[PDB]
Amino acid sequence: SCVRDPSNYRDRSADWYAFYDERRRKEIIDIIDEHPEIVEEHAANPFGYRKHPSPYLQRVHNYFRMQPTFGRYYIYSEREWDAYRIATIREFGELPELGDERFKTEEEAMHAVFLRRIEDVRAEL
């Protein structure tokens, strides 16, 4: 009758997700700006071990930690307990992109990924 070619139709929820993510990115950069102490809080104890994250630090974590895996950061163990790097997930069959610097501990690399995910969003605004 009327619905013929599947390529004439797009998942129109992407319109919403693009707006939510834009509105939601601004919400995160503003939280960082008005509570700059959380960057120190994270660098001192990125695991929250025995000092749980603050509510505003947790709110930031909740956005970064739930992003799509493609283009996402993980930490790559080059030599465990000596050298860690920041990997970027690329398509299946590809190797990750490795950041240049090496970090000596897991905690140090976690904070580097935190700082970079923040710089990445500032760029998109």
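Numbers follow the displayed sequence, beginning with 1.
Here the stretch with the larger average CA B-factor, out of 59 to 67 and 39 to 47, is 39 to 47. According to the PDB record, 30 to 38 carries the higher mean C-alpha B-factor of the two stretches 30 to 38 and 87 to 95.
Among the modelled residues of the chain, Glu101 sits in the highest third by CA temperature factor in this PDB entry. The entry lists a Cα temperature factor for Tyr17 that places it in the highest third of the chain's modelled residues. When the modelled residues of the chain are ordered by their C-alpha B factor, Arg23 lands in the highest third.
Ranked within its chain, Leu125 lands in the highest third, by CA B factor from the PDB record. Remark: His52 belongs to the middle third of its chain, ranked by C-alpha B-factor as recorded.
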